Structures are given as structure tokens and as C-alpha cells.
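Everything below concerns the one structure shown next.
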Amino acid sequence: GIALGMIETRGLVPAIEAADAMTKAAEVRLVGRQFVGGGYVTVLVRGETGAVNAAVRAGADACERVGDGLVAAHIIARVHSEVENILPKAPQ
Amino acid sequence: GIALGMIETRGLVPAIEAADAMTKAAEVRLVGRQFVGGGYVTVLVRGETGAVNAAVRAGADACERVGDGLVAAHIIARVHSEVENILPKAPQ
Amino acid sequence: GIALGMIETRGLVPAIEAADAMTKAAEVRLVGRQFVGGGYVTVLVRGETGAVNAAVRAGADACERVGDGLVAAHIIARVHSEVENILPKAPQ
Amino acid sequence: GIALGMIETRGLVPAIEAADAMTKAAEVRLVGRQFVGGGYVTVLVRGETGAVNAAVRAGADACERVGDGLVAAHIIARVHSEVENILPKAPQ
Amino acid sequence: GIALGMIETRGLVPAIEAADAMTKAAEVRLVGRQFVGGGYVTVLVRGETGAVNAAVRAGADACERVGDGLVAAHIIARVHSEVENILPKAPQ
Amino acid sequence: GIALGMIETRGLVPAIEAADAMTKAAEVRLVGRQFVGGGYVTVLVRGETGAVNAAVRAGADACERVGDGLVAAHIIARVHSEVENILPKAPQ
Amino acid sequence: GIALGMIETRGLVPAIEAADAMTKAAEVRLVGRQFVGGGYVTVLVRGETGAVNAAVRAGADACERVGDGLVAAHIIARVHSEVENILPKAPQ
Amino acid sequence: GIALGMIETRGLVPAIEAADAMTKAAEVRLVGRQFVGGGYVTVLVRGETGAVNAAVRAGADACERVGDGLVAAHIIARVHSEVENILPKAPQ
Amino acid sequence: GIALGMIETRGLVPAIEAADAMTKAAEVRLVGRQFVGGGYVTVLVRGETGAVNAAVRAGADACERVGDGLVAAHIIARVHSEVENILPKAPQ
Amino acid sequence: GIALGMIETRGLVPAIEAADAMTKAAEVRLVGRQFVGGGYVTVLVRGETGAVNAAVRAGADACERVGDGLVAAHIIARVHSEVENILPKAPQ
Amino acid sequence: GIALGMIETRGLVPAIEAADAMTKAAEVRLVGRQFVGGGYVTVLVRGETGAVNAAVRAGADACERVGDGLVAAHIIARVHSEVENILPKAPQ
Amino acid sequence: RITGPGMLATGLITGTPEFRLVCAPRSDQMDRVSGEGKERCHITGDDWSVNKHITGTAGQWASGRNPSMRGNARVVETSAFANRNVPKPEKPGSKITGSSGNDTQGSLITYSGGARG
Amino acid sequence: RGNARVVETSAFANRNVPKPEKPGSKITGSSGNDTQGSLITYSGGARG
Amino acid sequence: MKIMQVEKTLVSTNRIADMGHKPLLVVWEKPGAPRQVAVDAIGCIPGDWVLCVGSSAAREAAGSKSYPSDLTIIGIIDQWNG
């Protein structure tokens with residue numbers, strides 16, 4: 001799926017909750033979890049647009065109070081082709 | 001046991017305490033310790049839900065006053081398969 | 001085009017937004033994303049100066065309210081060769 | 001597709017209107033009509049997430065004014081496999 | 001014909017009156033009477049669109065004051081194929 | 001596990017949301033959905049105690065504002081052998 | 001059939017919505033769309049009387065709240081041979 | 001039939017109604033429909049003076065409340081030879 | 001995808017901005033621009049329903065303040081086959 | 001050039017003033033003058049991004065007091081490739 | 001004579017008056033009359049600069065109260081070559 | 001705070017160890033996007049809607065990219081609809097007698113010269 | 001005897017259920033467009 | 001009411017004002033039958049099988065309680081072959 005939803009959290013516990021929520025809520029694939037540094041962790045899902053929207057809403061709600069919480073929830077429905085190179089393609 | 005239990009602490013000493021506490025308290029298996037960055041360390045246990053719940057309470061109260069303390073104590077009872085790709089399988 | 005537009009954000013979600021915005025906004029090529037530590041993430045685009053200006057304004061505007069936001073938006077219209085060594089050449 | 005859309009109505013006329021509307025609006029397949037008792041009729045559709053969204057919205061707009069109306073419009077985008085046993089596969 | 005007309009009434013007496021009126025007004029086939037639950041009874045007829053329209057309007061006017069009355073009178077000139085599966089084919 | 005969790009909702013839509021939520025949340029099995037009459041639908045899950053608590057809580061939180069809502073969310077940890085005769089074994 | 005159904009709307013979005021509703025609602029064929037000037041766009045359907053009536057009602061509801069709206073919805077059951085010269089035969 | 005009758009309307013739906021009425025009312029030939037611009041559509045019929053009179057009158061009444069309505073209904077019994085070059089000789 | 005989204009604006013500048021936005025925001029294809037008459041221009045995109053929705057909301061927002069702005073924004077998830085004849089296939 | 005600058009005016013005289021001003025101001029190619037309908041005229045220029053910016057400013061400043069004035073002045077630095085089809089290549 | 005004089009009027013009568021006036025006043029050539037749409041007609045004269053000034057003034061004065069009046073009377077002493085593509089060469 | 005699945009549903013669960021119009025009024029609402037993009041109805045569940053936390057795609061994201069200036073130009077509509085209320089000359093009456101089908105209560109029909117017909 | 005929450009669900013109970021505003025027809029043409037009769041609806045909830 | 005077929009239009013330029021602008025049609029029950037004239041309130045083409053109302057009702061259908069009509073066409077039958 002083309003769409004990208006991203007949740008950023010302060011800490012990994014919030015990110016895992018968000019991811020679980022996202023993944024459970026809709027048909028999205030977690031394509032990356034990234035430790036940015038400074039304790040920001042970003043979890044990223046790709047799916048069709050409606051799925052991504054539902055997933056991000058869900059994850060955000062979930063992680064808002066887990067740990068230190070949510071920094072950002074963002075959805076980009078079609079990302080520019082170039083932006084794809086900087087985007088993770090498989091979770092590690 | 002497919003539940004997850006997670007504790008995030010500021011610093012490693014509080015986390016090792018948490019892991020020790022958790023494992024001692026209940027029938028949980030430690031699956032990881034991760035350095036998130038910024039000083040966040042997440043220790044993660046897996047087990048059945050009643051066990052995980054006991055273990056997370058234990059870990060939290062154990063590490064709360066050790067060091068810089070607890071950031072998050074969280075339990076996810078059924079973890080989605082997608083999320084399992086971002087979770088450490090075995091410790092070390 | 002050899003101008004450089006760079007945007008620094010606190011966290012990776014704002015940076016992906018900035019990159020997308022810049023690449024969508026004008027004729028610039030994304031050249032890299034770098035994690036600097038402490039949560040600073042820098043995204044860089046290259047292009048003609050006008051293009052870079054447009055792209056960078058757009059990107060700054062996009063990331064400012066996303067996440068922890070923008071730390072910096074800068075344009076260097078001709079980049080010295082020695083500087084090019086420390087510059088990422090193709091995205092990730 | 002596996003997303004499920006459900007419209008619940010008071011009475012069968014409103015529900016048939018809902019089903020017709022939902023099926024016409026999007027590529028969704030009607031999977032069931034159930035008489036809950038007390039006059040509630042639930043009509044259920046399966047399709048891809050966006051299709052389901054469109055269909056449900058349409059169906060609700062259609063049935064609100066027919067008869068005694070709509071009690072609920074809901075989309076479960078990824079539906080757990082356990083629930084599939086309670087859900088009706090092909091309509092009667 | 002393939003149009004569908006439906007009358008849902010509160011109680012069976014109003015519905016039998018409606019069915020009679022409908023079938024009398026125009027050349028329509030009563031394909032079903034359903035007891036929805038809670039007292040809703042739905043009487044459904046098929047025929048050409050004009051026939052169905054005449055029938056439904058006539059039936060509606062008939063049953064409004066019989067019993068607890070009309071809940072709904074609806075006409076659908078083209079029925080999606082999917083909906084046909086939830087509609088009665090003959091009155092049982 | 002033999003723990004039983006039951007959620008009663010007015011209408012099927014809330015019940016299906018509840019079932020989904022419960023099943024997604026914890027390791028419980030949906031063993032039944034019953035149409036009580038009067039618009040009440042009961043969704044029943046069996047599992048281990050902790051799992052059932054988690055699941056029921058999740059389910060309630062899910063169906064409360066969906067449709068006509070939740071009438072009852074209940075957990076019984078061990079059910080008597082005699083009450084097992086009245087409990088649905090499979091979700092059929 | 002020789003009935004004609006006509007909807008005039010202010011702008012083309014309302015008109016496309018009207019045609020869609022019309023055509024989906026009944027067995028009517030869209031024989032044309034016309035730009036009249038001033039932004040009046042007329043969509044013309046043809047079919048038998050019941051069909052046309054149904055379609056025109058449906059179209060009108062659909063297009064009313066879209067854009068700048070509905071200007072006129074009209075049914076002419078039998079169309080004079082002379083009028084047919086000025087009426088479109090195929091959408092084009 | 002050398003007389004002229006013209007009805008002008010704001011929109012094409014009122015014009016088709018007018019034409020239909022005219023041609024139905026009397027033995028007149030529709031010789032044109034003209035889109036003046038701005039939303040003005042003129043429909044012109046030619047026949048004997050009584051016929052044209054009848055036609056225009058029926059037409060004006062018919063189109064008056066359709067759509068945005070009648071702008072003008074005019075009968076010209078003897079049309080000057082010069083005026084004939086500007087008048088449509090057959091519909092298009 | 002086979003959904004349709006449309007933006008109608010007053011003037012071309014607003015519409016071009018809208019089209020650009022729509023195509024950049026999501027996975028949609030511009031299939032047409034039409035000058036309706038009276039300064040209304042409609043820009044039409046096709047794609048998956050969610051994508052189309054996203055795109056349309058984005059176009060709406062972008063174009064609302066450009067020029068004389070937006071008249072309509074609409075999405076149709078499944079288009080009847082007849083309506084497709086009046087709908088432009090590829091941009092001209 | 002990649003960039004697009006579009007000025008929309010009410011009347012052609014303001015548009016010609018704008019084109020002249022745009023074309024004189026910077027190196028931009030006039031690619032179309034469009035009579036949209038309703039008195040709206042859009043004059044579109046293509047060039048490098050800095051040039052288009054200058055050109056639009058100049059054109060707007062010029063046309064503002066001439067005639068009925070400026071409706072919109074818009075700059076689009078890289079237009080999505082899809083939008084390129086609805087855009088003129090040489091003025092006609 | 002490359003200078004351009006342009007008069008825009010609401011309606012053609014004022015414009016013909018303007019043209020006549022202009023051409024009688026000065027040695028200017030009428031190169032075009034254009035219907036912009038929405039009732040605007042632009043009459044365009046080319047000539048040497050003083051001639052064009054005299055002519056435009058005469059034309060404006062003449063057409064100011066004829067019909068619905070003047071919109072613009074404008075003079076451009078040298079038009080850019082690019083603009084000349086959009087300007088009519090001979091009156092026709 | 002042990003967050004998790006057991007912090008959910010407070011006050012709605014029993015048997016525990018411790019215990020022992022969907023669609024908004026039409027007249028009021030005019031949807032931003034109509035059709036299948038409408039938001040009048042409250043569709044609960046995992047729908048495609050985006051909340052306050054979520055950022056991206058539409059609001060400033062589309063409205064910022066391209067620079068624009070609008071102008072307050074003179075807007076005068078010339079159309080059949082705009083001219084619906086154009087001032088009109090006094091309506092013609094008929095003084096004719098004899099059977100003329102002289103309806104005076106209907107629409108205005110005019111004859112050469114502007115005469116009521 | 002206990003005290004129990006009764007929310008009778010029935011056609012009779014729902015007789016007064018709050019409803020959306022009823023459809024009206026702006027259609028013209030002879031279509032038997034009666035307005036004084038019982039509500040009949042067509043697809044989409046349009047008055048018919 | 002009666003079922004009759006419109007044969008043709010009828011023009012009477014010297015009709016009473018009360019008749020209004022309403023169109024008048026020559027209707028017969030069958031071809032070669034007595035021909036009657038009806039105010040057309042539906043818009044009916046020649047060859048149409050139509051429904052014609054009787055006298056007090058005709059006036060009201062034709063447009064007023066005080067309209068001069070004794071026969072008005074009130075509907076066109078969708079399918080009839082006489």
C-alpha cells in the first residue's frame with residue numbers, strides 16, 4: 001500500500017503499543033521502527049489510505065498515555081518517489 | 001504465553017532491576033533489553049496474561065526508586081504478528 | 001542545480017514530512033536524511049536556487065507543526081567542494 | 001476484501017434500503033442480514049477498507065430517513081479470525 | 001418486473017391490509033411477508049416500476065390507519081443483484 | 001482456560017465490535033453469540049482468567065458507544081459444571 | 001421508453017452526481033449531458049415512466065446538497081417527435 | 001405556416017418543457033433551440049398564427065414554474081423577410 | 001482504482017491548484033478538466049476510494065482560497081457505467 | 001521551464017496587461033491564455049522558479065487597477081506530471 | 001505602429017461605438033474584437049504611440065454611456081513579443 | 001501506572017474479584033466533501049476519519065505548497081439567473097374585446113410591439 | 001422482586017422514535033407527485 | 001374516467017378567456033368513434049391512450065374549481081392497446 005502513517009513516541013513502550021494498535025486496527029504493514037536518538041522512536045506503517053488513516057488514529061489514541069507518550073502522528077497518502085528512498089521497507 | 005510486558009526506565013540499573021524483579025515474581029520469560037537512546041532502556045517479558053500482570057507490577061515497584069526510575073510499565077495481552085517482527089525474541 | 005536546502009527537525013516524522021513537502025513543492029532532489037543524535041534529523045535537497053528556496057519554505061512550513069518541529073531551515077546556493085564530501089549523495 | 005461494514009436498523013425496510021445503497025455505492029459484497037430481535041436488523045458488508053467506508057456512509061445516508069431508521073453504522077477494518085465464526089458468510 | 005416495493009407496518013393486521021391493497025392496485029407479486037421481530041412486519045412486492053409505485057402508494061394509504069400502522073413504504077426500481085439474495089423469492 | 005467473559009449489547013453491531021475487540025486483545029476464544037430476544041445479543045468468550053479480564057474490558061470499552069451500547073460486561077472465573085450445559089460450546 | 005428525465009444543476013459536479021443516482025436507481029439511460037451556459041448543466045435520462053420518475057426523484061435528492069445545487073428536475077412521460085430532434089441520443 | 005413563436009427560459013429544462021408543450025398543444029414545427037449564452041435558452045416554433053398562439057401560450061404556462069422559468073413568450077404573426085435570415089430553419 | 005473525485009471551482013487558477021494538490025496528496029489520476037460555462041471549472045480524478053477521498057479533501061483545502069475558490073468537492077466510489085460516457089477518459 | 005505562474009483576471013484587458021508585465025519582468029514563456037467562461041481569463045507562464053515568481057508579482061501589480069482587476073495570481077514551482085496534461089504548451 | 005490600445009466594454013454595442021470612435025480619432029488600425037465571455041467585448045487597436053493614446057481616449061469617451069458601458073481603456077506602448085501571440089493580427 | 005488492557009472499561013465490568021440521530025440534521029450541516037466523502041453520519045469503528053492528533057495530507061499541507069495572491073476584483077454576474085430581477089418596463093395589458101381567448105391571469109405572452117397576447 | 005432496567009424495544013415503543021426530517025420532492029412534471037399522502041420513499045430516501 | 005386515444009390537437013382562437021392557455025386535444029375512444037375534445041393537463045402525444053376524467057373533476061384537474069372543462073386528460077396509461 002502506498003500510504004504512510006508514522007507515529008513518534010518518546011520511548012519504545014509507547015511505540016510498541018502504537019504499533020500493536022495500528023496493526024490490529026487495520027490492514028497495514030509495519031515497515032519500520034526507528035530509534036532516532038534522544039529517545040524518539042518512530043514506528044511506520046504502509047497500507048491503503050483508509051487503512052492507514054484508521055491505524056494512525058488508533059495508534060495515536062493508544063500510545064498517548066503509555067510511557068512518555070506521543071510526539072507525532074502523521075499520514076502521507078502518496079509520498080513522493082524520492083521520499084521513498086529514505087523510508088524503511090522492512091521492520092528490523 | 002503470548003502476552004508482552006514492558007518496562008522502560010531511565011538508565012540500565014533500574015532496568016536490570018526490573019527484569020530481575022519481573023522474572024522472579026512470575027512465570028515470565030525475558031525476551032529482551034533494548035537501549036532506546038537518550039537513556040531509555042526497555043526490558044521486555046513474555047508470558048501468560050496473569051503472569052505478565054504480576055510481573056509488571058513487580059518490576060515497576062522495584063525500579064521506581066532505583067536510579068532515575070520508571071518511564072513506562074505496560075502490558076499487551078495479545079501481540080499482533082506484525083509487531084513481533086520489531087520485538088526481540090531472545091535476550092542478549 | 002547545486003544549491004542545497006537543508007531542514008533540521010526534532011524527530012523523524014517531521015523530517016519525512018519536510019522531505020515530502022520539499023520534493024513535492026519544487027524541483028529539488030532529495031539527497032539524504034541524516035540522524036544527528038539527540039533527536040535532530042536533517043534532510044537535504046539539492047536543486048536550482050529558486051527551486052531550493054521554494055522547496056525549503058514549503059518544507060519548513062510543513063514540519064513546523066508536526067511533532068516537535070523545525071529546528072532549522074537553510075539554503076546554501078553554491079556549495080564548496082570540500083563541503084560536498086560531508087554531504088550525503090543519494091538518499092539513504 | 002476483509003473489512004466489514006455493518007448497518008443496524010429498526011425494521012427491515014430501512015435495512016434493505018441500506019443494503020441496496022451500500023452495494024451500489026461501492027464494491028462490497030453483502031454477506032448477511034440478521035434479525036436480532038426487538039426489530040433490529042443488521043445488514044453486513046465485506047470489501048476493501050475504503051470501499052467499506054464509502055458503502056457504509058452511503059447506506060446510512062440512505063436508510064436514515066426510511067422507516068424507523070438507523071441505529072448504527074460501523075466499520076471493523078481488520079476483523080479478527082475468531083469473529084468470522086459469528087459472522088455470516090453468504091446471505092440467506 | 002424487477003422493482004421492489006416494501007411496506008413495513010407495526011403489527012400483522014396493517015400488513016395484510018397493505019398487501020391486499022398493493023396487490024389490488026397494480027399487477028404486482030407478493031413475494032414475501034416477514035416478521036422482523038418486535039412487531040414489525042414487512043410485506044414485499046415485485047413488479048414493474050410503475051406497477052410497484054402504484055401498489056406501494058395505494059398500500060401505504062390503506063394501512064396507515066389500520067392497527068398501529070405504517071412504519072415504512074419504500075420503492076426500489078433497480079435492485080442490486082447482491083440485495084436479491086436477502087429478498088424473498090416467493091411467499092411462504 | 002475455563003473462564004467466561006460475557007458482553008451483552010443491545011443489537012448485533014455493538015456485539016460484533018465487542019467480540020472483535022476481545023478477541024484481538026487477549027487469548028480468548030469466542031465460543032458464542034446468542035440472540036436473547038428484545039434486541040439483546042450476548043457474546044461469550046472463554047479463556048484464562050487474566051485473559052478473560054483483559055478481553056472483557058477491551059470489549060466493553062469498544063461497544064459502549066457503538067449502536068445502542070453495552071448492557072453488561074461480566075466475568076465469571078470458573079463456572080459450575082451445571083452452568084456449562086447452558087453455555088454455548090462453539091460459535092454457531 | 002420515451003419518457004424523459006431532466007435535471008439541471010449549477011455546475012457539473014452536481015450533475016454527475018445526479019446522473020449517477022439516477023442511473024443507479026432505475027432502468028434509465030443517460031442520453032446526454034449539456035452545458036447550457038452560465039453554468040447550468042443538464043443531464044438527460046430516458047426510459048419508461050416509472051423508471052424515469054424514480055430516477056428523477058433520486059437524482060434530485062443526491063444533487064441538491066452538492067455544489068451550487070439543483071436548478072430543476074423534470075419528468076416528461078411521452079415526448080413529442082418534434083422535441084426529439086433537440087434531445088440528445090447518446091452521451092457525447 | 002409562416003408565424004413565429006418563441007419561448008425563452010433560464011435553463012434548458014424549462015425550454016424542453018416549453019417545447020414539448022408547444023408542439024403538443026398545436027401543430028407547430030420546432031425549428032430551433034438556441035443557447036443564447038448566460039443560461040438563456042430560446043426555443044422557436046413555426047406554424048399558422050392560431051397554432052403558434054396556442055402553442056406559445058401552453059408552453060409559457062408549462063415552463064413558467066419549471067426550473068428558473070420563463071423569460072419571454074412571444075408570437076410574431078408576420079415575420080419580415082429580413083428577420084428570416086436570422087431564424088433557424090430546422091432544429092439542430 | 002475506479003472511484004471518481006471532482007472539484008469544481010470558480011475559475012481555472014483555483015482548479016489547477018486543486019488538481020496539483022489532488023495528484024500530489026494521493027494516488028489519483030487526473031482524467032479531466034472541463035470548463036462548465038459561466039466560470040466554473042471542474043477537475044476530475046480517479047483512484048481508490050480512500051485515495052480519492054484524501055485527494056479531494058486536499059484539493060478542496062488548497063483551492064478554497066485561490067481565486068474565487070471552491071464551488072464543490074465530491075467523491076463517487078463506484079460510477080454507473082452510463083455515467084462513464086459523460087466522464088472524460090484522459091486529460092486534454 | 002518547470003514553474004508555472006498563472007494569473008486570472010476578469011476581462012481580457014487586465015490579462016493582456018498581466019501577460020505583458022510577466023513576460024517583460026522575467027524570462028518566462030507565455031504558454032496560454034484561456035477564456036474560462038464568465039469573463040475569467042487566465043494567462044499562464046512557464047519558466048524557472050525565480051523567474052516565475054518575479055513574473056507573477058509583476059503581472060499582478062500591473063493588472064490590479066486595469067479593468068475589472070485580478071482574481072488570482074498563483075505560482076506552482078513543480079506541477080505534478082499529471083497536471084501537465086491539462087496545461088497548455090503554446091498560446092493559442 | 002506597435003502600440004496597443006484596448007477598450008473593453010460590457011456588450012458589443014458599446015464596443016462598436018468605441019472602435020468607431022477610436023479609428024476616426026487617430027491613425028490606428030482595428031486589429032480585433034473579442035468576445036471574452038460573460039458579456040465583455042474587447043476591441044483592440046494598434047498604431048504609433050500618440051495615435052494610440054488619442055484613439056483610446058476618444059473611444060472611451062464615446063463608449064462610456066453607450067449600453068452597459070466601459071470596463072477598461074488601456075494602452076501598452078510596446079508589447080512583448082510573447083504577448084503578440086495572444087493578440088489578434090487582423091480584425092476577424 | 002501500569003497501563004495496558006486492564007485500565008480499560010472502568011465501571012463497566014462486573015464479576016471481577018473487586019466487584020465481589022446517528023446522522024446529523026441535514027439542514028444544519030453542509031459537508032466539505034459530498035458523496036462518499038460525507039461526514040454527516042457517525043460511522044464508528046475503524047473508519048477513514050482523521051483526528052486532532054493526526055497531521056498531514058490536507059489542512060496546511062495542501063494549502064501551503066504553492067504561493068498565491070487573491071485580488072478583490074469587480075464581480076458582476078451577467079447571466080439569465082442574475083437578470084431574473086432585472087428592472088422591467090411596465091407590463092402590457094389588453095383592451096381588446098371580442099372573443100380573443102384573452103387570458104390575463106396567466107403568463108405573459110407578447111405579440112408584435114410588445115402587446116399582451 | 002428485583003428492580004430491572006426496561007428499555008422496551010418494539011415497533012410499538014419505537015413508534016415515537018426520533019426521526020430525521022422527512023423527504024420532499026422538488027420534482028416537476030406530472031408524476032403523481034402527491035404530497036398529502038403517507039410518506040413513500042424511493043432509493044436514497046427520496047419522497048416518491 | 002374513460003380510456004381514449006388522442007388523435008390530434010384542436011385550435012380555437014376565439015375561445016373564452018376562462019379556458020386559459022391550456023391546450024385542447026381531440027380524443028376518441030377508438031378510431032372511427034365519436035370524437036370528444038379534452039383539456040390536456042398531462043402533456044399527451046398523439047396516439048396516446050389516456051385517462052379522461054368527468055365533469056366537476058375535470059374543471060379542478062384542468063386547473064380551478066371554476067374552470068370551463070367537462071373533460072380533462074388526467075394521466076397517460078403506461079401500457080394499453082385498445
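Letters A, B, ... are given to chains in the order of the sequence lines, protein chains preceding strands, and every chain is numbered from 1.
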* With sequence neighbours excluded, give me every ring pair (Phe, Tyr, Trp, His ring centres under 6.0 Å) pair touching residues 66-92 of chain A. => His74(A)-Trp61(L)
Tell me if the [atom1] atom of [X] is crowded by more than 12 foreign heavy atoms within 6.0 Å.
{"X": "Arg26(L)", "atom1": "CZ", "result": "yes"}
{"X": "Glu18(L)", "atom1": "CD", "result": "yes"}
{"X": "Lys95(L)", "atom1": "NZ", "result": "no"}
{"X": "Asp28(L)", "atom1": "CG", "result": "yes"}

* Asked: For the candidates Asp46(L), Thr55(L), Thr57(L), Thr3(L), which exhibits the highest count of non-hydrogen atom pairs separated by less than 4.5 Å from chain A?
  -> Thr55(L)
* Which of residues 14-42 of chain A have a heavy atom under 4.5 Å from any heavy atom of chain L? -> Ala25(A)
* Contact listing (chain L partner; residues 52-61 of chain A; heavy atom under 4.5 Å) -> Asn53(A), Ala54(A), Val56(A), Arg57(A), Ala60(A), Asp61(A)
* Structure fact -> The complete set of salt bridge (charged side-chain N to carboxylate O under 4.0 Å, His left out) pairs with one or both residues in residues 63-86 of chain A, sequence neighbours excluded, reads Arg46(A)-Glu84(A)
* Could you have a look at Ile76(A), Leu70(A), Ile75(A) and say which one has the most heavy-atom pairs with chain L under 4.5 angstrom? => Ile75(A)
